[PDB]
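Residue numbers for the sequence shown, in full-length UniProt numbering: 4 to 264, 274 to 283.
Ideal placement from N, C-alpha and C gives every residue a C-beta, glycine not left out.
Take a look at the structure set out below.
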Amino acid sequence: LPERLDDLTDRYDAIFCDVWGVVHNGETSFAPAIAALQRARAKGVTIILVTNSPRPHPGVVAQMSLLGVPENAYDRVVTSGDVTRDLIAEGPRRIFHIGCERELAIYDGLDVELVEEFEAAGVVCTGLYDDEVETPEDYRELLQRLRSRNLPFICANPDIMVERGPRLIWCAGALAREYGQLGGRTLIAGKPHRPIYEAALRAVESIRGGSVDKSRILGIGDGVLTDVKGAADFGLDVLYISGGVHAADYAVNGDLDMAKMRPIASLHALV
Ligand code: NA
């Protein structure tokens, strides 16, 4: 039975570690998790933080710093926003944005034009317009209109919900799930899908100076349908954080299925 991360790291050269619910909750950071990651890096383990945030990595880094995460706890951050930019560049350039103002950072440097709904040829969803007060039901009519126009829907964050301190907040994935249920086409690159894992692997291989075999990479997370499924499908061992909120595993009705959860190891919290 593993008591702490240190009981596993002799067998791995790198870690792909979840952020929300494991390192911080959007309002405070978790000192034991930070310390465990620091100790792993001190023993030569490369740490990639891999998160479904729709923001590009520099915004996630800045937010972590504001929450007290020291830069010596990780080597690099790879986000769903980072890899979603490749989908955005590939799709139609006249885009209807669904998400908040800060999430417009995902378009920086891309050859795209943000347009009104009636003008759009594609949709990019980073989140809800005001995720502190809105729910997926508020989007039913809009999603129906977009689906009837056969617009492709890029989802920049596969999570259904995320924690924000004590609250649960709806994410872009909830709107993507509703769009798919209407019969609409969705395009997704974050966990559990392969593109974010390939980006994390490119990051490790560049940092370590050569190929890193999958048997030498440990995935860590609290989402069964994101972190666990994603690592397993990419061929990585996984450490499941069993005491997490599992916010990404909540359903669009706000229910969590307690039978959700094969991880090589389980830890109540990253310590
Ligand atoms: Na998480």
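CB of residue i within 9 Å of CB of residue j, strictly
i: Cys128; j: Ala175; result: yes
i: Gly257; j: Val241; result: no
i: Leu190; j: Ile163; result: no
i: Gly193; j: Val86; result: yes
i: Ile109; j: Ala159; result: yes
i: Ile50; j: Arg58; result: no
i: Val115; j: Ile91; result: yes
i: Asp230; j: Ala251; result: yes
i: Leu8; j: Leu282; result: yes
i: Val126; j: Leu107; result: no
i: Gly187; j: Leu146; result: yes
i: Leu178; j: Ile101; result: yes
i: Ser278; j: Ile244; result: yes
i: residue 1; j: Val48; result: Residue 1 lies beyond the stretch modelled for the chain, which goes from 4 to 283, so this question has no answer here.
Residue i in three-state terms, based on DSSP
i: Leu171; result: strand
i: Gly233; result: helix
i: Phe33; result: coil
i: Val255; result: coil
i: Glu116; result: strand
i: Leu107; result: helix
i: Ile276; result: coil
i: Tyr200; result: helix
i: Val227; result: helix
i: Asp10; result: helix
i: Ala38; result: helix
i: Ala17; result: strand
i: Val136; result: coil
i: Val126; result: strand
i: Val283; result: coil
i: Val241; result: strand
CA nearest to the CA of residue i, picked from the options
i: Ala124; options: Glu201, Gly102 and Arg97; result: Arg97
i: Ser83; options: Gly94, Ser218, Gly62 and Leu117; result: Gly62
i: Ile276; options: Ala235, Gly246 and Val22; result: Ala235
i: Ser209; options: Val53, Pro59, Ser68 and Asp78; result: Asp78
i: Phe19; options: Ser245, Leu178 and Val81; result: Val81
i: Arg219; options: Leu4, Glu6 and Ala17; result: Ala17
i: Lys217; options: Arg152, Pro73 and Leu239; result: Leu239
i: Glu140; options: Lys232, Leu4 and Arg180; result: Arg180
i: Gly183; options: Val72, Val207, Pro155 and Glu137; result: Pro155
i: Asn55; options: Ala202, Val207 and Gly212; result: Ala202
i: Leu185; options: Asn153, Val26, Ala206 and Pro161; result: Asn153
i: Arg211; options: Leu4, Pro5, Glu6 and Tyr15; result: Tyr15
i: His60; options: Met261, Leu4, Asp111 and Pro35; result: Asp111
i: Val72; options: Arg197, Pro95, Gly94 and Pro35; result: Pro35
Chain-order list of residues whose beta-carbon lies under 7 Å from that of residue i (same chain, five-residue window excluded)
i: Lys46; result: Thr12
i: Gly246; result: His280 and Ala281
i: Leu113; result: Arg88, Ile91 and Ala92
i: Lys232; result: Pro195
i: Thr138; result: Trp173
Contacting residues, own chain, Cβ-Cβ under 8 Å from residue i (five flanking each side not counted)
i: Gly168; result: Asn28, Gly29, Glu30 and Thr31
i: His249; result: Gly24, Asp225, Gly226, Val227, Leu259 and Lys263
i: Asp133; result: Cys103
i: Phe33; result: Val25, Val26, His27, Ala281 and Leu282
Own chain partners of residue i with C-beta closer than 6 Å, once the 5 adjacent residues on each side are dropped
i: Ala76; result: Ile37, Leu40 and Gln41
i: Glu120; result: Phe99
i: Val165; result: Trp23, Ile172, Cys174 and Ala250
i: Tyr142; result: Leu178
i: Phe237; result: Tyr200
i: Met67; result: none
Cβ-heavy atom distance, residue i to ligand 2, below 8 Å
i: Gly168; result: Looking at this structure, you won't find ligand 2 anywhere; what it does contain is ligand 1.
Which ranges would you report for the beta strand (DSSP E) in the stretch 44-95 if only whole runs of at least 3 residues count? Complete beta strand (DSSP E) runs here, min 3: 49-54 and 79-82.
Within the stretch 142-187, note down every full alpha helix (DSSP H) run reaching 4 residues or more, in order along the chain. Segments of the alpha helix (DSSP H) lying fully in the stretch 142-187: 143-151 and 175-184.
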